[PDB]
Amino acid sequence: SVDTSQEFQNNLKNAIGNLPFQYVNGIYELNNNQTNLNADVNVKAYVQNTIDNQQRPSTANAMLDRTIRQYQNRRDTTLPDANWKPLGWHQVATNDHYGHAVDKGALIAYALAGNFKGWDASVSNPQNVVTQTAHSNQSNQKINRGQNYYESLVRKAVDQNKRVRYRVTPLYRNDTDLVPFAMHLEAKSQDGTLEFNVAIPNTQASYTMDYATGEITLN
Ligand SMILES: [Cl-]
Ligand SMILES: [Cl-]
Ligand SMILES: [Mg+2]
């Protein structure tokens with residue numbers, strides 16, 4: 001519905017330009033699932049968050065391997081501000097299996113880079129966390145994919161001792177919006193076996209969200 005809506009595809013185009021895209025398995029494959037990311041042997045593992053000129057979390061880059069892979073539970077390694085809330089955060093109970101509307105959506109996953117020293121890997125890192133639907137955050141449904149599905153592919157590659165160049169960009173309709181309408185994920189392993197370039201719609205079937213405010217209107 002919203003995902004395939006014309007208003008959505010227009011925003012996507014505004015954000016990615018003349019790049020081809022194709023709605024498949026609940027997400028948009030961009031550039032025929034190919035990214036320009038190059039995984040060079042000579043880049044050390046790292047994570048870098050940015051914010052845009054509107055103080056919103058922007059493009060995140062990383063090189064992922066076993067030296068920054070985080071195998072421990074969050075509660076053992078992080079002390080997040082329990083009170084902190086990302087931009088446009090408006091939580092509501094939902095009539096679906098998630099039971100709630102939005103999650104704290106990490107750009108770069110805790111488990112992938114949480115052992116990079118000096119980088120805040122908690123849910124309260126204000127440069128790495130946005131307001132994200134529970135569906136687009138959590139979904140591992142191969143036929144209705146969320147960001148987790150793609151993070152899992154990356155994690156599995158790392159756990160096979162592959163080095164993965166990784167980029168996560170929140171996409172905004174404009175300068176004003178507090179919340180991204182989609183999450184752009186790109187990855188490429190050194191041996192090239194893993195590669196993708198997708199946009200995960202920041203949506204959930206049970207409702208619609210105003211990306212300007214992050215206010216949720218249930219169905
Ligand atoms: Cl091994
Ligand atoms: Cl859903
Ligand atoms: Mg997540």
# chains A, B, ... in the order shown; residues from 1 in each chain; ligands from 1

$ closest_atom_pairs --of "chain A" --to "ligand 2" --cutoff "7 Å" --atoms "only C-alpha atoms and all ligand atoms" --output "tab-separated table"
residue	atom	partner	partner_atom_place_in_ligand_line	distance
A:135	CA	ligand 2	1 (Cl)	4.9
A:204	CA	ligand 2	1 (Cl)	4.1
A:205	CA	ligand 2	1 (Cl)	4.3
A:206	CA	ligand 2	1 (Cl)	6.3

$ write_last_selection --atoms "C-alpha atoms" --output "CSV table (one decimal), in the first residue's frame"
chain,number,residue,atom,x,y,z
A,135,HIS,CA,8.6,-3.9,11.1
A,204,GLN,CA,4.3,-0.8,9.1
A,205,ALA,CA,1.1,-2.3,7.8
A,206,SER,CA,-1.0,-1.4,10.8

$ residues_around --residues "residue 145 of chain A" --least-positions-apart "5" --cutoff "7 Å" --atoms "only C-alpha atoms" --output "PyMOL selection string"
chain A and resi 25-27+139-140

$ write_last_selection --atoms "C-alpha atoms" --output "PDB file, in the first residue's frame"
ATOM      1  CA  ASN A  25      10.145  -8.891  -1.172  1.00  0.00           C
ATOM      2  CA  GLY A  26       8.792  -5.890   0.717  1.00  0.00           C
ATOM      3  CA  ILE A  27      11.708  -3.594  -0.114  1.00  0.00           C
ATOM      4  CA  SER A 139      11.663  -8.033   9.988  1.00  0.00           C
ATOM      5  CA  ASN A 140      13.604 -11.139   9.001  1.00  0.00           C
TER       6      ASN A 140
END

$ residues_near_ligand --ligand "ligand 3" --cutoff "12 Å" --atoms "only C-alpha atoms and all ligand atoms" --output "PyMOL selection string"
chain A and resi 102-112+121-123+128-140+146-152+168+183+185+200+202

$ residues_near_ligand --ligand "ligand 1" --cutoff "9 Å" --atoms "only C-alpha atoms and all ligand atoms" --output "JSON, numbers by chain"
{"A": [159, 160, 161]}

$ residues_around --residues "residue 47 of chain A" --least-positions-apart "6" --cutoff "9 Å" --atoms "only C-alpha atoms" --output "PyMOL selection string"
chain A and resi 60-64+108+113+116+119

$ write_last_selection --atoms "N, CA, C and O atoms" --output "PDB file, in the first residue's frame"
ATOM      1  N   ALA A  60      26.059   6.810   7.434  1.00  0.00           N
ATOM      2  CA  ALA A  60      26.979   6.057   8.275  1.00  0.00           C
ATOM      3  C   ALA A  60      27.792   5.094   7.420  1.00  0.00           C
ATOM      4  O   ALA A  60      27.237   4.357   6.609  1.00  0.00           O
ATOM      5  N   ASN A  61      29.107   5.115   7.613  1.00  0.00           N
ATOM      6  CA  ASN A  61      30.019   4.212   6.917  1.00  0.00           C
ATOM      7  C   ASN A  61      30.759   3.309   7.887  1.00  0.00           C
ATOM      8  O   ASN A  61      31.039   3.691   9.021  1.00  0.00           O
ATOM      9  N   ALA A  62      31.088   2.109   7.426  1.00  0.00           N
ATOM     10  CA  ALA A  62      31.840   1.171   8.243  1.00  0.00           C
ATOM     11  C   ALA A  62      32.569   0.140   7.391  1.00  0.00           C
ATOM     12  O   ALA A  62      32.167  -0.148   6.264  1.00  0.00           O
ATOM     13  N   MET A  63      33.661  -0.383   7.939  1.00  0.00           N
ATOM     14  CA  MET A  63      34.300  -1.585   7.425  1.00  0.00           C
ATOM     15  C   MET A  63      34.215  -2.620   8.534  1.00  0.00           C
ATOM     16  O   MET A  63      34.689  -2.386   9.645  1.00  0.00           O
ATOM     17  N   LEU A  64      33.606  -3.758   8.227  1.00  0.00           N
ATOM     18  CA  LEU A  64      33.234  -4.726   9.247  1.00  0.00           C
ATOM     19  C   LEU A  64      34.080  -5.983   9.177  1.00  0.00           C
ATOM     20  O   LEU A  64      34.228  -6.578   8.113  1.00  0.00           O
ATOM     21  N   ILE A 108      24.022   1.673  12.098  1.00  0.00           N
ATOM     22  CA  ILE A 108      24.972   0.567  12.139  1.00  0.00           C
ATOM     23  C   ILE A 108      24.656  -0.304  13.357  1.00  0.00           C
ATOM     24  O   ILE A 108      24.649   0.179  14.489  1.00  0.00           O
ATOM     25  N   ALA A 113      29.333  -3.777  14.919  1.00  0.00           N
ATOM     26  CA  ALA A 113      30.429  -2.851  15.176  1.00  0.00           C
ATOM     27  C   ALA A 113      30.533  -2.431  16.643  1.00  0.00           C
ATOM     28  O   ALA A 113      31.278  -1.508  16.976  1.00  0.00           O
ATOM     29  N   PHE A 116      33.965  -1.715  18.500  1.00  0.00           N
ATOM     30  CA  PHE A 116      34.880  -0.681  18.026  1.00  0.00           C
ATOM     31  C   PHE A 116      35.029   0.352  19.132  1.00  0.00           C
ATOM     32  O   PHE A 116      34.074   1.042  19.482  1.00  0.00           O
ATOM     33  N   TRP A 119      33.305   4.169  20.095  1.00  0.00           N
ATOM     34  CA  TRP A 119      32.033   4.364  19.409  1.00  0.00           C
ATOM     35  C   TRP A 119      30.880   3.973  20.327  1.00  0.00           C
ATOM     36  O   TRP A 119      30.850   2.863  20.851  1.00  0.00           O
TER      37      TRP A 119
END

$ atom_distance --atom1 "atom CA of residue 117 of chain A" --atom2 "atom CA of residue 78 of chain A"
12.1 Å

$ select_by_dssp --residues "segment 3-173 of chain A" --states "strand (DSSP E or B)" --output "ChimeraX atom specification"
/A:21-24,27-30,46-48,51,57,60-64,93,100,102-106,129-133,140-141,144-145,164-171

$ write_last_selection --atoms "N, CA and C atoms" --output "short mmCIF file (atom, residue, chain, number, x, y, z; two decimals), in the first residue's frame"
data_model
loop_
_atom_site.label_atom_id
_atom_site.label_comp_id
_atom_site.auth_asym_id
_atom_site.auth_seq_id
_atom_site.Cartn_x
_atom_site.Cartn_y
_atom_site.Cartn_z
N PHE A 21 15.24 1.30 -9.57
CA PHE A 21 14.76 0.59 -8.39
C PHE A 21 13.62 -0.35 -8.73
N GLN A 22 13.38 -1.29 -7.83
CA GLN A 22 12.44 -2.38 -8.07
C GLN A 22 11.93 -2.90 -6.74
N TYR A 23 10.61 -2.83 -6.55
CA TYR A 23 9.99 -3.29 -5.32
C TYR A 23 9.85 -4.81 -5.32
N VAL A 24 10.65 -5.47 -4.49
CA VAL A 24 10.60 -6.92 -4.39
C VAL A 24 10.83 -7.36 -2.94
N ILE A 27 10.71 -4.66 -0.11
CA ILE A 27 11.71 -3.59 -0.11
C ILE A 27 12.06 -3.20 -1.54
N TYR A 28 12.85 -2.14 -1.67
CA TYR A 28 13.30 -1.68 -2.97
C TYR A 28 14.77 -2.03 -3.20
N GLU A 29 15.02 -2.83 -4.23
CA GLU A 29 16.38 -3.10 -4.67
C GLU A 29 16.80 -1.99 -5.61
N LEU A 30 17.90 -1.33 -5.27
CA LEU A 30 18.40 -0.20 -6.03
C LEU A 30 19.58 -0.63 -6.90
N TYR A 46 36.21 -0.04 11.05
CA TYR A 46 35.85 1.24 11.64
C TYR A 46 34.35 1.51 11.52
N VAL A 47 33.90 2.54 12.23
CA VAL A 47 32.54 3.04 12.12
C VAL A 47 32.58 4.55 12.19
N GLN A 48 31.81 5.21 11.33
CA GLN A 48 31.72 6.66 11.35
C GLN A 48 30.28 7.09 11.11
N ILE A 51 25.86 13.55 11.05
CA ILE A 51 24.57 14.22 11.08
C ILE A 51 24.57 15.26 9.97
N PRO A 57 20.54 12.36 12.13
CA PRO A 57 21.45 11.29 11.74
C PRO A 57 21.50 11.13 10.22
N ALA A 60 26.06 6.81 7.43
CA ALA A 60 26.98 6.06 8.27
C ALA A 60 27.79 5.09 7.42
N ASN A 61 29.11 5.11 7.61
CA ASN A 61 30.02 4.21 6.92
C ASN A 61 30.76 3.31 7.89
N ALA A 62 31.09 2.11 7.43
CA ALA A 62 31.84 1.17 8.24
C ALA A 62 32.57 0.14 7.39
N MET A 63 33.66 -0.38 7.94
CA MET A 63 34.30 -1.59 7.43
C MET A 63 34.21 -2.62 8.53
N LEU A 64 33.61 -3.76 8.23
CA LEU A 64 33.23 -4.73 9.25
C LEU A 64 34.08 -5.98 9.18
N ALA A 93 0.89 1.72 21.03
CA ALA A 93 0.58 0.30 20.93
C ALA A 93 -0.10 0.04 19.59
N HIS A 100 3.90 -2.86 19.30
CA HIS A 100 4.20 -1.44 19.40
C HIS A 100 4.66 -0.94 18.04
N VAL A 102 7.12 1.75 16.99
CA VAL A 102 8.46 2.15 16.61
C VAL A 102 9.54 1.57 17.52
N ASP A 103 10.71 1.32 16.93
CA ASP A 103 11.89 0.88 17.66
C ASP A 103 12.96 1.95 17.56
N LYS A 104 13.95 1.88 18.44
CA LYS A 104 15.14 2.70 18.28
C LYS A 104 15.98 2.07 17.19
N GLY A 105 15.95 2.68 16.01
CA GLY A 105 16.58 2.13 14.83
C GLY A 105 18.03 2.54 14.66
N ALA A 106 18.94 1.63 14.99
CA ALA A 106 20.36 1.85 14.76
C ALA A 106 20.67 1.87 13.27
N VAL A 129 21.06 6.62 15.77
CA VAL A 129 19.73 6.11 16.08
C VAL A 129 18.64 7.05 15.57
N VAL A 130 17.68 6.48 14.85
CA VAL A 130 16.52 7.21 14.35
C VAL A 130 15.25 6.52 14.84
N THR A 131 14.12 7.19 14.68
CA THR A 131 12.83 6.58 14.92
C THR A 131 12.51 5.67 13.74
N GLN A 132 12.40 4.37 14.01
CA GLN A 132 12.18 3.38 12.97
C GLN A 132 11.03 2.45 13.33
N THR A 133 10.21 2.11 12.35
CA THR A 133 9.08 1.22 12.57
C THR A 133 9.61 -0.12 13.06
N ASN A 140 12.73 -10.16 9.63
CA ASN A 140 13.60 -11.14 9.00
C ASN A 140 12.84 -11.97 7.97
N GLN A 141 11.60 -11.58 7.69
CA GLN A 141 10.78 -12.30 6.74
C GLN A 141 11.39 -12.14 5.35
N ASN A 144 9.10 -10.44 3.20
CA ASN A 144 8.73 -9.10 3.64
C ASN A 144 9.83 -8.57 4.54
N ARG A 145 10.92 -8.14 3.92
CA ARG A 145 12.17 -7.92 4.62
C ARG A 145 12.23 -6.60 5.36
N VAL A 164 33.52 -6.82 5.27
CA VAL A 164 32.39 -6.23 4.57
C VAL A 164 32.38 -4.71 4.69
N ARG A 165 32.48 -4.04 3.55
CA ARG A 165 32.28 -2.60 3.50
C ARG A 165 30.79 -2.33 3.55
N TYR A 166 30.39 -1.36 4.36
CA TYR A 166 29.00 -1.20 4.73
C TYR A 166 28.64 0.27 4.80
N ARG A 167 27.45 0.61 4.31
CA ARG A 167 26.97 1.98 4.38
C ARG A 167 25.46 2.03 4.61
N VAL A 168 25.06 2.83 5.58
CA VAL A 168 23.65 2.98 5.94
C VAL A 168 23.29 4.46 5.95
N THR A 169 22.33 4.83 5.11
CA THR A 169 21.93 6.22 4.96
C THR A 169 20.43 6.40 5.20
N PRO A 170 20.06 7.19 6.22
CA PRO A 170 18.65 7.52 6.38
C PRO A 170 18.22 8.47 5.28
N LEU A 171 17.09 8.18 4.64
CA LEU A 171 16.58 9.01 3.57
C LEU A 171 15.43 9.88 4.06
#
